[PDB]
């Protein structure tokens, strides 16, 4: 059973800012990490899989990196529509498990 740790739990930044958030897996999960986005009131949306593969049609200013236990999700230019909570999820082992999520706000 794998525990996902996510940091920070929330942050505020300005439009145009580069923003980074992290995820740690309690064991080596290779690159089997997904990043989700959850906007206020909306269904979850898969943004990235295999740790770094941007899903088709997802905004190109989202990226992910890391392999093993430590991963990062990066927004190269914070935009108003990025107001959402972001969760990572390992799919190396069932049940798939989530990080605590990061609430991102645009000051």
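Positions refer to the first chain, counted from 1.
Two stretches are in play, 35 to 43 and 72 to 80, and the higher mean C-alpha B-factor belongs to 35 to 43. Remark: residue 19 belongs to the middle third of its chain, ranked by C-alpha B-factor as recorded. In the PDB entry, a CA B factor belonging to the lowest third of its chain's modelled residues is recorded for residue 90.
Among all modelled residues in its chain, residue 63 ranks in the lowest third by Cα B-factor.
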